[PDB]
Structure formats: C-alpha cells, structure tokens
Amino acid sequence: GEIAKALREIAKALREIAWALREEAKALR
Amino acid sequence: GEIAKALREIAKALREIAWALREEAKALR
Amino acid sequence: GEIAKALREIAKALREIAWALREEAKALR
Amino acid sequence: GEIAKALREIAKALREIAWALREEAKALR
Amino acid sequence: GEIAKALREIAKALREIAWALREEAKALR
Amino acid sequence: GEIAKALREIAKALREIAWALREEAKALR
Amino acid sequence: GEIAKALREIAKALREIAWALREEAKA
C-alpha cells in the first residue's frame, strides 16, 4: 500500500545519492 | 494518509540532497 | 497526528542538510 | 508517545549533521 | 511483509552509500 | 517497545556521523 | 519483529557510514 510505496521511494532516493557519490569517487582519481 | 504524505516529503528532500552532491562533484572542474 | 508531525520534522532537517551541501559547493567554487 | 519521541530524536540528530556541514562550508572559505 | 521489505531496501541503499564514501577516501589516499 | 528502541539506535548512529563531520571541519580550519 | 529487525539493520548501515567518514578524514 501507500506507506510501503513511499518507503520504496525513500530507498530509490538513497540509491540516487549513492550514484552521485560513486561519480565523485571516480572524478577524484 | 498524512503518514504516507510525510514519507513522500522525506524522499523529495533526499532527492534534493542528491542534486546538491551532483553540483559538488561538478564543482571541482 | 504526532507521528506524521515528527516525520515532517525529519524532512525539514534533510532540506537543511541539502542547503548546507549547496553552500559547501559554492565555497570551493 | 515513545515512537513519536524517537522520531523527533532522529530529526534532532539530522540537524546536528546540518550544523557540522555548515561549519565545513565556512572552513572551506 | 511489504513494509518490512521496503525497510530492508533502505538499509541496503545506505550500505551502497557507505561503500561509495570509502571509495572517495581511497581515491584521495 | 522494540520498534521505539530501534528508532533510538538510528538517532545515536546519526549523532555518531555528526561527530565525525565536526572533527573534519575542525581539521580543515 | 521483522519491522524492528529491519530498523536495526538501518542503524547498522548508518554506523558503517560514520566509520567511512572517519576514514575520509584520515586521508
């Protein structure tokens, strides 16, 4: 339901943050 | 309904943190 | 209710982290 | 109640993270 | 059930963020 | 209960992240 | 029990993030 959907949307935004950090780690090397 | 809406608000804030990190990354020429 | 209001306070605190990260990016460039 | 209080405590810890990031942004300056 | 599964997806995305932060450190050093 | 106890543990892990970031700001300065 | 277990798993991943930040500051 709606609460579980919103928690999955939180997990996706956290994966979005991880993609940006993996990009920064590439650029730093 | 208010609980699910506040969780979606948390996901939106986390997407805003991802956007700020993309700009930090780009932010080193 | 009280749980919804506390979740809204968590979203506000995450928006305060996004502002700070944007300021970090502006300080390097 | 105890769940709502713990959620408010998570929001307080996130504000401590924002405060430390704001300080780093002034340090980079 | 579905709420518990979504919380586990959140923990895994946080583990991805930790791996990316470790890699930023290693790129520097 | 067990849920409130786990939420308090999440708040302490976030205070632990803020300690590490305050030390990084103290060093930069 | 499964929701509380998943919340403790989140706290453990946050402690792993605090450890990675300490290692970033050493560099």
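Read on for an overview of the structure. (Residues numbered from 1 in each chain as written, not as in the entry; some residues may be left out. Chains lettered and ligands numbered in written order. Heavy atoms only, no water. Residues with missing side-chain atoms left out of burial classes, pairs and counts.)

Topic: the interface of chain D and chain F
Rule in force here: Two residues qualify as a contact provided that any one of their heavy atoms is within 4.5 Å of a heavy atom in the partner residue. Following the grouping adopted for this structure description, the nonpolar residues are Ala, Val, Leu, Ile, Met, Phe, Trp, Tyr, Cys and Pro, the charged ones are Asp, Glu, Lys and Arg, and the polar ones are all others, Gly among them.
Taken together, the contact pairs 17 residues of chain D with 16 residues of chain F. Class assignment of the residues belonging to the side of chain D that touches chain F gives a composition of twelve nonpolar, no polar and five charged.

Some thoughts on the packing of helix α1 (residues 2-27) of chain A against helix α1 (residues 2-28) of chain E
This is how it is decided: Angles shown run from 0 to 180 degrees and are taken between the N-to-C directions of axes, each axis being a line fitted to C-alpha atoms and, for helices, limited to the stretch in contact. Strands are runs of DSSP state E lasting at least 2 residues, helices are runs of H or I lasting at least 4, and numbering of each runs from the N terminus. Relative orientations are named as follows: roughly parallel for angles under 35 degrees, roughly antiparallel for angles over 145 degrees, roughly perpendicular for angles from 65 to 115 degrees, and oblique for any other angle.
With their axes 8 Å apart at the nearest point, α1(A) and α1(E) run at an angle of 10° to one another. Put simply, α1(A) runs roughly parallel to α1(E). Classifying every residue of the contact of α1(A) with α1(E) gives 21 nonpolar, no polar and nine charged.

Structural notes on the interface of chain D and chain C
Let me state the cut-off plainly: Salt bridges are identified by distance alone: a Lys or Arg side-chain nitrogen within 4 Å of an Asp or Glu carboxyl oxygen. N or O atoms within 3.5 Å of each other form a polar contact, as long as, within protein, one can give a hydrogen and the other can take it, and as long as residues adjacent in sequence are counted only when both atoms are side-chain atoms.
The interface is formed by 17 residues belonging to chain D together with 17 residues belonging to chain C. Close ionic contact of D:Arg15 with C:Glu9 constitutes a salt bridge, the shortest N to O distance being 2.9 Å. On inspection of chain D and its partner chain C, the count reaches four residue pairs in polar contact.

Regarding the side chain of F:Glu24
To keep it simple, the criterion reads: Burial classification: accessible surface area is computed with a 1.4 Å probe over protein chains only, and a residue below 20% of its type maximum counts as buried, one above 50% as exposed, and the rest as partly exposed. The convention is simple: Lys and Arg are positive, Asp and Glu are negative, and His and the chain ends are not counted.
Of note, F:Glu24 is situated in helix α1 (residues 2-28). We note that F:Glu24 is buried and unpaired, the nearest opposite charge coming from G:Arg22 at a distance of 10 Å. With residues near it in sequence (within four places) discarded, F:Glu24 still touches D:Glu24, G:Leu21, G:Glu24 and G:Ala25.

Some words on the side chain of C:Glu24
No salt bridge is formed by the buried C:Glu24; its nearest oppositely charged neighbour, D:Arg22, is found at 10 Å. When near neighbours in sequence (up to four residues on either side) are disregarded, C:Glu24 contacts B:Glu24, D:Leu21, D:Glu24, D:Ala25 and D:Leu28.

Quick word on the arrangement of the chains
Over all C-alpha pairs, chain A and chain D never come within contact, reaching a minimum spacing of 15 Å. The least C-alpha distance between chain C and chain F, which are not in contact, is 11 Å.

Details of a positive patch on the surface
Definition in use: To count toward a patch, a residue needs a relative accessible area over 30% and no salt bridge; like charges are then connected within 9 Å, while nonpolar side chains (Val, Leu, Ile, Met, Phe, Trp, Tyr) are connected within 5 Å. Note on areas: these come from Shrake-Rupley sampling with a 1.4 Å probe, and a residue is covered only by the protein chains present in the view. Charge positions come from single atoms, namely NZ of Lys, CZ of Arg, CG of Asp or CD of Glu.
Positive charge collects at one region of the surface, where D:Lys5, D:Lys12, F:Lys5 and F:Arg8 lie side by side. Elements supplying a minimum of two residues to the positive patch: α1 (2-27) of chain D together with α1 of chain F. Relative to the assigned elements, D:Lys12 resides in helix α1.

Examining the pattern of salt bridges
Taken as a whole and judged by the stated rule, the model has 20 salt bridges over all chains. For G:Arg15, the salt bridge identified is with F:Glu9, shortest N-O distance 2.9 Å. Here G:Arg15, found in helix α1 (residues 2-26), pairs with F:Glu9, found in helix α1, and the two come from separate chains. G:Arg15 gets classed as partly exposed once you look at its relative accessible area, which sits at 34%. Members of the salt-bridge network, linked through shared partners, are B:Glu9, C:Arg8 and C:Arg15.

Remarks on the environment of C:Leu21
Its location among the elements puts C:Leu21 in helix α1 (residues 2-28). Excluding residues within four positions of it along the chain, C:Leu21 makes contact with B:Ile17, B:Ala20, B:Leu21, B:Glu24 and D:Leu21.

Looking at the environment of E:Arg8
Of note, E:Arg8 is situated in helix α1. The exposure class assigned to E:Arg8 is partly exposed, which follows from its relative accessible area of 35%. Considered as a pair, E:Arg8 and E:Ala25 are 17 residues apart in the sequence and their alpha carbons are 26 Å apart. Setting aside anything within four residues of it in sequence, one finds E:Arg8 in contact with G:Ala6 and G:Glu9.

Structural notes on unusual backbone geometry
Although it is not a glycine, B:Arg29 sits at a positive phi angle of roughly 50°. When you line up the elements, B:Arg29 lands in the segment after α1 (2-26).

From the geometry alone we can't say anything about function, so treat these as descriptive.
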